[PDB]
Undergrad: 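This structure is in structure tokens; I'll ask about it shortly.
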Amino acid sequence: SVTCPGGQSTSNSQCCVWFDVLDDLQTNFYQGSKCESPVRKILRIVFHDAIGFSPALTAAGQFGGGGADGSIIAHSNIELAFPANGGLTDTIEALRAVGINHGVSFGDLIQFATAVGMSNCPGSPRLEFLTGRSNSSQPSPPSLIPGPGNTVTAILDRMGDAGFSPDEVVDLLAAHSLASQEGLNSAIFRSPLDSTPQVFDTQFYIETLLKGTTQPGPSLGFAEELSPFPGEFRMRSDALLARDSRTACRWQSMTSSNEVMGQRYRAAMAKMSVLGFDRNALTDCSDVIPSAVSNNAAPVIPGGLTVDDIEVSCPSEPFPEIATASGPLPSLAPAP
Ligand code: HEM
Ligand SMILES: *[C@@H]1O[C@H](CO)[C@@H](O[C@@H]2O[C@H](CO)[C@@H](O)[C@H](O)[C@H]2NC(C)=O)[C@H](O)[C@H]1NC(C)=O
Ligand SMILES: *[C@H]1O[C@H](CO)[C@@H](O)[C@H](O)[C@@H]1O
Ligand SMILES: [Ca+2]
Ligand SMILES: [Ca+2]
């Protein structure tokens with residue numbers, strides 16, 4: 001409809017500024033449209049920006065947080081002191097500069113960079129992108145980000161307050177398909193959470209269900225559990241959620257279909273993206289977000305393990321027929 005200066009066809013002139021933000025992020029922040037540490041850090045940031053939203057605090061006479069409001073950037077001095085916000089300041093500063101240079105709100109930028117980053121990762125769905133969130137924010141209250149040592153009850157209660165059902169918690173955790181740790185165990189920096197940290201696929205759900213046999217580092221870090229093979233890190237929250245009766249059937253249903261996983265994640269991310277906002281007051285610029293390269297690989301149980309190594313935790317559904325591989329066990333390289 002609208003033609004931006006660049007030749008760029010879009011739905012609304014409010015989308016035109018985002019083509020320049022796209023180019024900048026793809027060249028610079030993403031270092032040539034790659035799916036590496038910048039994407040992974042941005043996914044932590046989108047979650048930790050949005051989840052600072054608590055109707056229970058509002059109901060108890062207190063500021064509950066503004067949700068997807070960019071507060072993690074605007075008020076980084078306060079929020080990057082939270083336990084869950086370590087290892088993010090360098091990324092936050094990069095985003096701060098992009099936001100100021102292009103004159104876009106910090107809340108919108110985080111959501112945009114999320115959709116753009118996802119688009120660089122094979123197999124990703126096309127995330128929605130809406131523009132118009134006010135740049136104004138107050139600091140998030142403390143203690144709103146679920147931690148990897150939290151019980152399943154605590155995680156579901158916190159996520160629940162923010163607005164997510166147990167299914168949607170599982171759906172949002174598909175981001176751990178593009179993931180490593182740096183801050184839990186300093187001896188195995190960027191140890192992946194799944195065997196394909198640069199492919200948005202079901203491997204995370206499969207591999208967290210394997211029997212824990214392996215200590216990847218010389219000692220355990222915070223909230224670390226045994227993993228199924230060298231190089232892979234397993235955090236306690238993921239281990240527990242995979243196995244808990246409240247989340248295990250959804251977890252298991254993610255294992256065989258990249259396509260259903262992507263749909264569910266897209267829907268949950270759309271919901272998360274507007275905590276603290278009315279989506280109907282925003283402008284849809286989803287057309288700025290390109291599709292990702294498709295992922296042609298099939299789900300697999302790695303390394304000669306079989307379904308007998310899966311701790312099947314959904315008591316009503318058989319484990320899906322998933323291909324196995326040759327041994328021996330893999331050793332995961334650090335995520336790039
Ligand atoms: C039950 C809730 C969740 C908990 C307890 C949790 C916990 C963690 C922790 C402890 C790390 C490791 C950070 C480090 O040491 O470097 C991690 C990494 C990561 N998380 Fe989560 N997370 C959760 C949900 C999510 C959600 C909803 C998203 C985003 C949609 C997300 C995206 C990621 C990504 C992409 C990484 C990898 C970062 C990297 O490779 O640098 N997480 N998460
Ligand atoms: C969004 O609000 C933040 C906070 O007021 C603004 O960030 C400041 O921007 C000025 C001017 O560019 C910089 O000198 C400060 O370093 C920034 N402070 C912080 C904490 O980042 C930002 O400019 C506002 N963005 C828009 C589009 O208005
Ligand atoms: C096996 O090999 C990988 C590197 O190829 C390591 O990342 C892992 O910790 C294990 O030594
Ligand atoms: Ca926030
Ligand atoms: Ca993966």
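We count residues from 1, following the sequence as given. Whatever order the structure lists them in is the order used to number ligands and atoms, beginning at 1.
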Undergrad: I'd like to check atom 11 (C) of ligand 2 in this structure: does the protein have a heavy atom lying under 4.0 Å from it?
TA: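 Flag for atom 11 (C) of ligand 2 set to false, no protein heavy atom closer than 4.0 Å.
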Undergrad: Could you tell me, atom by atom, which parts of ligand 1 come under 4.0 Å of a heavy atom of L178?
TA: 35 (C)
Undergrad: Can you name the atoms of ligand 1, numbered from 1 with element, that are less than 4.0 Å from a heavy atom of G147?
TA: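 Selected atoms, number and element: 5 (C).
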Undergrad: At what distance is the nearest protein heavy atom to atom 21 (O) of ligand 2, and which residue and atom is it?
TA: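 Heavy-atom neighbour on the protein nearest atom 21 (O) of ligand 2: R96 NH1, 2.9 Å.
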Undergrad: Considering the heavy atoms of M269, write down every atom of ligand 1 situated less than 4.0 Å from one of them.
TA: 30 (C)
Undergrad: Using side-chain heavy atoms (C-beta onward) and a distance below 4.5 Å, is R234 in contact with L210?
TA: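 SC-SC contact between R234 and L210 confirmed.
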Undergrad: Using a 4.0 Å heavy-atom cut-off, which part of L172 comes near ligand 1: side chain, backbone, both, or neither?
TA: both
Undergrad: Within the 4.0 Å heavy-atom shell around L184, which atoms of ligand 1 are there?
TA: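 What qualifies from ligand 1 is 10 (C), 15 (O).
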Undergrad: Quick check: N135 and ligand 2, any N/O pair under 3.5 Å apart?
TA: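 So ligand 2 has an N or O lying under 3.5 Å from an N or O of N135.
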Undergrad: Side chain, backbone, both or neither: which part of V104 has a heavy atom under 4.0 Å from ligand 2?
TA: backbone
Undergrad: Can you list the ligand 1 atoms lying under 4.0 Å from a non-hydrogen atom of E182?
TA: 14 (C), 15 (O), 16 (O)
Undergrad: Which atoms from ligand 1 have a heavy atom of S237 less than 4.0 Å away?
TA: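 Close to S237: 5 (C).
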Undergrad: Between the candidates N77, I100, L95, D108, which shows the shortest non-hydrogen contact distance to atom 13 (C) of ligand 2?
TA: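 Among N77, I100, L95, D108, the closest heavy atom to atom 13 (C) of ligand 2 belongs to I100.
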Undergrad: Report the nearest protein non-hydrogen atom to atom 15 (O) of ligand 1: residue, atom name, distance rounded to 0.1 Å.
TA: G183 N, 2.9 Å
Undergrad: Hey, mind stepping through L193 and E207 against side chain to side chain contact (heavy atoms under 4.5 Å, CB included) and telling me if it holds?
TA: CA-CA 9 Å; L193 310 183; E207 289 169 22; over 6 Å; no
Undergrad: Looking at residues at least two apart in the chain, or sitting in another chain, which of them share a side-chain hydrogen bond (donor to acceptor under 3.5 Å, both in side chains) with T196?
TA: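 Listed in chain order: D194, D201.
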Undergrad: If you take all heavy atoms of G132 and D108, which pair is closest and at what distance?
TA: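 That would be N-OD2, 2.8 Å.
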Undergrad: Which residues and atoms, counting only protein N, O or S, are under 2.8 Å from atom 21 (Fe) of ligand 1?
TA: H176 NE2
Undergrad: Can you tell if the side chain of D69 reaches within under 4.5 Å of the side chain of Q138, non-hydrogen atoms only?
TA: no
Undergrad: Could you pull out all residues at least two apart from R279 that satisfy salt bridge (charged side-chain N to carboxylate O under 4.0 Å, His left out)?
TA: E128
Undergrad: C314-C249 sulfur separation below 2.5 Å?
TA: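 Looking at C249 and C314, their sulfur gamma atoms lie closer than 2.5 Å, so the answer is yes.
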Undergrad: Would you mind listing which atoms of ligand 1 come within a distance below 4.0 Å of any non-hydrogen atom of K41?
TA: 41 (O)
Undergrad: Counting C-beta onward and ignoring hydrogens, is there a side-chain heavy-atom pair between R158 and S54 closer than 4.5 Å?
TA: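 With C-beta onward as the side chain, the pair touches.
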Undergrad: Under 4.0 Å from any heavy atom of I155, which atoms of ligand 1 are there?
TA: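 Near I155, the atoms of ligand 1 are 1 (C).
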Undergrad: Test of understanding: given a 4.0 Å heavy-atom threshold, classify the contact between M235 and ligand 1 as side chain, backbone, both, or neither.
TA: side chain
Undergrad: For the atom pair CG (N120) and CD (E36), what is the distance rounded to the nearest 0.5 Å?
TA: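 Between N120 CG and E36 CD, I get 10.0 Å after rounding to 0.5 Å.
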Undergrad: Does the protein put any heavy atom within less than 4.0 Å of atom 2 (O) of ligand 2?
TA: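 Protein heavy atom within 4.0 Å of atom 2 (O) of ligand 2: present.
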Undergrad: List the atom of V2, the atom of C16, and the distance in Å for their closest heavy-atom pair.
TA: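 That closest heavy-atom pairing would be CG1-SG, 4.3 Å.
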Undergrad: Which protein non-hydrogen atom lies closest to atom 7 (O) of ligand 2, naming both residue and atom, and how far is it?
TA: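 Answer, as residue, atom name and distance: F106 CZ, 4.0 Å.
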Undergrad: Provide the number and element of each atom of ligand 2 under 4.0 Å from a heavy atom of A74.
TA: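 Those of ligand 2 that fall under 4.0 Å from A74 are 20 (C).
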Undergrad: For ligand 3, what are the residues with a heavy-atom contact below 4.0 Å?
TA: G231, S331, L332, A333, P334
Undergrad: Quick check: do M261 and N258 have side-chain heavy atoms less than 4.5 Å from each other?
TA: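 Of all side-chain heavy-atom pairs linking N258 with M261, at least one is under 4.5 Å.
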